[PDB]
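Enquirer: Quick one, what's the 3D model for this:
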Amino acid sequence: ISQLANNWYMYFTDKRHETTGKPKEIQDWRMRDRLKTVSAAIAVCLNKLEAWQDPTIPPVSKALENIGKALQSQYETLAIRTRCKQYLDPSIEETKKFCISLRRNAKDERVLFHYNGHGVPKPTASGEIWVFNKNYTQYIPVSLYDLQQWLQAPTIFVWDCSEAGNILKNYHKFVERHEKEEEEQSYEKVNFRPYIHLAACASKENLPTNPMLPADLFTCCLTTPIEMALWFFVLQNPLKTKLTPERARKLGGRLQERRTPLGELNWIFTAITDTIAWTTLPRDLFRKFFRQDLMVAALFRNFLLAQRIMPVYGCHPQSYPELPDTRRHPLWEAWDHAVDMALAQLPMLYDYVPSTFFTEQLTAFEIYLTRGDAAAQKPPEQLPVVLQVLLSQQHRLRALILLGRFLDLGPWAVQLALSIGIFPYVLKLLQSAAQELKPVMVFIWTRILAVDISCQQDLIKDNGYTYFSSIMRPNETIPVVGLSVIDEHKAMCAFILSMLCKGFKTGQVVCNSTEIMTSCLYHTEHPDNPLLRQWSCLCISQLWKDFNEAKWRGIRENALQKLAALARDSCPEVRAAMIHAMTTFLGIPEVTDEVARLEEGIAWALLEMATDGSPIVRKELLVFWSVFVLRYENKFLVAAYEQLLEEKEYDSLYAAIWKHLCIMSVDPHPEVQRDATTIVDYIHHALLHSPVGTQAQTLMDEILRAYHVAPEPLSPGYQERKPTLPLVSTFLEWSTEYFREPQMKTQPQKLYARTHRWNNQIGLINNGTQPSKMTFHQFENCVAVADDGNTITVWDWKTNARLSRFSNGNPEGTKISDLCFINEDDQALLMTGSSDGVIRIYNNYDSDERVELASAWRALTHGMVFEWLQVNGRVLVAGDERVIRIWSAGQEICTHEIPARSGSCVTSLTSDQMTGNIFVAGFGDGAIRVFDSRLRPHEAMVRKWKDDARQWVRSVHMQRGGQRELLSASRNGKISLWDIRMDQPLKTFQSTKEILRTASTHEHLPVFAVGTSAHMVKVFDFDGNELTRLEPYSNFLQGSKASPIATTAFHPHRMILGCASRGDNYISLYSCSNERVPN
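Expert: Numbers count the residues shown, from 1 in each chain. What follows is the structure:
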């Protein structure tokens, strides 16, 4: 009962049964417009402090030189690519010279023009700005038109002057002149198109004046933001620190070392400003300005600080792409905190104490995931901070885990992460030696590749293949760390590598240099991970798809044999994957004797698999044979002709393949039938157009020499065409969906019925045609009714609803042998066995138009009876063959095949529904045989009983659930009750003198019934005595022998009994009334 309490699954509700092929894709995210800012001109004009330098020092020209060099270094530290020149009190001639020079040196690339107008007068409310004159005496203006003719194509403008706003106003018209001007002309235009402005003041404001403030304030913001922010903080919070603003500036550390107070502050600043922008403006602008170029983004980021600081002291800065004001974004408070604490730690010779900002922010991200709008795909606020953290040796682990959880949400989150800029970080981390990361890295990369396979390129170039191959090696044990809920550890590596080789020959080559193939082959052989086996086969399939050196490598490691081992694997998805590996292998162009020998061996090995129960697998087999038939078309034409001639009078392998192709052109699953027919039809249309007109003749020669009533349902997603053969395989595209879907988240009552009289007609149902068989749902109030021929009706015996009517799809002249409800707990489905040997199972039995066909397979090869074990996940099928087959609904393969000894047929079966182990079959010669599944075949025979009268066994029931009670009715009427151990029947008594058509047994109540040959059903107790005799309403008179009872069916729990006679199609329902039995 430990096994019994562990193995009790449900058996036809997997992705491979609610679909069979992929249903229904990313939006652009990478950075194409990659253009650098190459060079910078820093024009200062002067003659409050500047550039952290005191002017007015007795070497005044030396101070004016230092103000230049300071600005040069300050700009160089923002975007070290840009080369920067400073120009000190320039003459207008000099300015035109360098501007034209700048635009020549940076042909087509962005350029920075900085302007410091402290010593000259304010720009006029025209385009003109002021310079010095040659001789360094007078102030000359410079109109924008001339400047634009110097600084033509992409440019950034920095204006540290008063009334800068006017410069922005009248710049647009001066452009439109040039634009039309340059449009007037046959030569190449001058573009003027991409210009960007950053100004300190608005139209009419004035740069501030008071001391405790430098003159170059906006320059301070945009070129030394951390020092300026520390300074500004000491001004605004002097009661938090007893420091000079001059001293905060000189905070110990280094800007590009996050480990020092200053560097940490810089990093926190970057995170805060980045998220501020991410929040307050749309993705378009965010990506175009804060992600395109280092210099541009640096200045916009620092311009957010400018937006915060400048209006404290008057003017409000402007910017050509106009950004919202951003002044009071709440994150600034965090900044102040992070600043305060850092300043609080300014001793000197002790360990520095990092600001908690980052772990606090990641915790905010965690909560964002755990609830709320994350399900509604509102973008997280923290994401840029998480990206920032990925650097931190300290916090990167939690950041990565949270990122993984974010990406698990679905494809949209991968899209979002990619566009914010996750990609380079997760490429860089592939270099880290830390084994903590490896599993998180694997998960992240699978979720990325599953939604944008172009990354396969970068991964191959940045040596990712070695990272994941090393993780997948057979002896490699990876440390589980964190909330690594995912147990599918290496199989993800297999999937990653498969995607590295999908398309992408260069990936196929690189990976064939490595040990990948060998590891995949190893995982095929050794047990316990089905996903790993699957994706190892898929990896092989993609590893050699059109790469000959890889196919030869596989042969060198006998890949083909190791793959053919899996022909009978536990898991159908593995079987399909293996078939797809073989189908890709087919193709070696030099068709040597060796090569066709190998491919014939393949086809031989897979020939076995034509019988397995999984339509997924048979569909892949037909794909493989599509390809294989095209390869050897000649052999198949000869075999197809052969079979025609051998049907008229009515090379070995190819005949068997053709035979199974024809068989599968009737496979009951519609998709399998469709594929198999199209193959056969292609070969026939090639045999006619072959140099054999004999064909058309022989084909025509052979041609000359209560059914189909309701709609038959079809497998989910079935298409409809209006044949080009080589068949498209959907199995990889389907298999890779897994990594786009989330993966982390009553004794007294017995004696009532033993006494009372079953005469109470609870209901009467008018079926379509005369019922053959029926069965009752354990819990739901519905009854399934199989007609004569191919029809099924599902009624609600309370309210007589007719929940559904659909046709079982039997061929004409074949009836339905039994019905089972399976998975009666939580997802009920309907089984049907057809005399022709096919089992079908239906997914939404209780709804019309919503009814699907989950699976369907031919259970008997060359009617039938079948018993369903839910405990065991088993279908025992016996028929006119000398074998009782046992199919595992778990594997969809015929797990066992026991031989029944009798040359006579098997007429019915049962087993105990709780151990699921031993079953009993009645036979046509009167015999009854009990077998145990556990044993050897040929020793499974455990007990033979043999009717002396040698009379057909109508039925045999083991009502487990109720009691250890085994009952067998005979055609003549003797009803024996056996103990499986002992030699003799416990009891045995006649039920009717006339012929016994039906014999039901109730599962819990100790009562059974028999339908007699003359329109009567007698309901007996297990001790012989009859609890009632009954005649179900019919048009044929009293005991008219022209309507023998066709079926008798107990409800499993309720005290109900159902009857249907032959002539009528009325299903009568009875239950106990208040009379007793005289007894």
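Enquirer: Once you drop chain neighbours, what's closest to residue 501?
Expert: Distance criterion Cβ to Cβ, 6 or more residues apart in numbering; nearest residue to residue 501, sequence neighbours excluded, is residue 542 at 4.2 Å. (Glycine included, C-beta is placed from N, CA and C.)
Enquirer: quick one: secondary structure of the one you found?
Expert: Classification of residue 542 by DSSP: H, G, I helix; E, B strand; the rest coil places it in helix.
Enquirer: Report the contact partners of it.
Expert: Contacts for residue 542 were tallied using Cβ atoms under 8 Å, 6 or more residues apart in numbering; they are 498, 501-502, 508, 584, 732.
Enquirer: Among these, which pair sits farthest apart?
Expert: Comparing all pairs in the contacts of residue 542 by Cβ to Cβ, the longest separation belongs to 508 and 732, at 14.6 Å.
Enquirer: Those two - which one has more neighbours?
Expert: For residue 508 versus residue 732, the count of surrounding residues by other Cβ atoms under 10 Å is larger for residue 508: 21 against 18.
Enquirer: Contacts for the one helix or strand the more buried one maps to next, please.
Expert: Element membership of residue 508, judged by DSSP states H and E, is helix 505-513. Helix 505-513 is contacted from outside by 456, 460, 465, 469, 497, 500-501, 517, 542-547, 549-550, 553, using Cβ under 8 Å, 6+ apart.
Enquirer: Please check those and keep the buried ones.
Expert: Listed as buried from these are 456, 460, 465, 469, 497, 500-501, 517, 542-545, 547, 550, 553; burial here means 16 or more other Cβ atoms under 10 Å.
Enquirer: Give me the subset of those residues that lies in helices.
Expert: 456, 460, 465, 469, 497, 500-501, 517, 542-543, 550, 553 (DSSP state H).
Enquirer: In terms of distance to residue 88, which of the residues you listed ranks first?
Expert: residue 460 (51.3 Å).
Enquirer: nearest spatial neighbour of the closest one, skipping sequence neighbours?
Expert: residue 507 (5.0 Å).
Enquirer: From residue 544, how far off is the one you found?
Expert: 12 Å (Cβ to Cβ, to the nearest Å).
Enquirer: these two touch, right, residue 497 and residue 467?
Expert: No: the pair residue 497 / residue 467 is not scored as a contact, 10.3 Å apart, by Cβ atoms under 8 Å.
Enquirer: Spit out the contact partners of residue 44.
Expert: Residue 44 sits next to 64, 67-68, 71, 86-89, 116 when contact means Cβ under 8 Å, 6+ apart.
Enquirer: all strands of the stretch 101-250 of the chain, in order?
Expert: 110-117, 129-132, 139-142, 155-160, 195-199 (DSSP state E, counting those that start in this stretch).
Enquirer: For the nearest residue to residue 612 once chain neighbours are set aside, list each beta-bridge partner.
Expert: Of all residues beyond its chain neighbours, the one nearest residue 612 is residue 893 (5.0 Å), with distances taken as Cβ to Cβ, 6+ apart. In this entry, residue 893 is beta-bridged to residue 888, by DSSP bridges.
Enquirer: Give the burial count for residue 893, as a bare number.
Expert: Neighbourhood size, residue 893 [other Cβ under 10 Å]: 21.
Enquirer: Check residue 591 too.
Expert: Other residues within reach of residue 591, judged by other Cβ under 10 Å, total 12.
Enquirer: before we move on, what about the one 5 residues further on?
Expert: A count of neighbours around residue 596, defined by other Cβ under 10 Å, yields 14.
Enquirer: repeat for residue 417
Expert: The number of residues packed near residue 417 is 25, by other Cβ under 10 Å.
Enquirer: what's the answer for residue 57, then?
Expert: Neighbour number of residue 57 under other Cβ under 10 Å is 12.
Enquirer: Contacts only, for the nearest residue in space to it that is not next to it in sequence.
Expert: Closest residue to residue 57 apart from its sequence neighbours, by Cβ to Cβ, 6+ apart: residue 63 at 4.6 Å. By Cβ under 8 Å, 6+ apart, the residues touching residue 63 are 53-57.
Enquirer: repeat that for 7 Å
Expert: For residue 63, the contact set (Cβ atoms under 7 Å, 6 or more residues apart in numbering) comprises 53-55, 57.
Enquirer: Filter those down to the buried ones, ChimeraX style.
Expert: ChimeraX command restricting the contacts of residue 63 to the buried ones, with burial defined by 16+ other Cβ under 10 Å:
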select :53,55
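Enquirer: got CSV for the contacts of residue 63, with distance to residue 37 too?
Expert: Shown next, in CSV, are the contacts of residue 63 (distance: Cβ to Cβ, whole Å):
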residue, distance to residue 37
53, 25
54, 31
55, 28
57, 33
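Enquirer: so which of the contacts of residue 63 comes closest to residue 842?
Expert: Of all the contacts of residue 63, residue 53 has the smallest distance to residue 842: 86.0 Å, by Cβ to Cβ.
Enquirer: Please name the nearest non-neighbouring residue to residue 723.
Expert: Spatial nearest neighbour of residue 723, excluding adjacent residues (Cβ to Cβ, 6+ apart): residue 678 at 4.5 Å.
Enquirer: isn't that neighbour right next to residue 721, touching?
Expert: No: using Cβ atoms under 7 Å, residue 678 makes no contact with residue 721, being 9.1 Å away.
Enquirer: If you count surrounding residues, which of those two has more?
Expert: Using other Cβ under 10 Å, the more surrounded residue of residue 678 and residue 721 is residue 678, with 18 against 6.
Enquirer: quick one: that one is in a helix?
Expert: Yes: under three-state DSSP, residue 678 sits within a helix.
Enquirer: Domain parsing of the protein, as residue ranges.
Expert: 37-344, 746-770+1003-1079 (automatic domain parsing).
Enquirer: Show the contacting residues for residue 856.
Expert: 668-669, 838-840.
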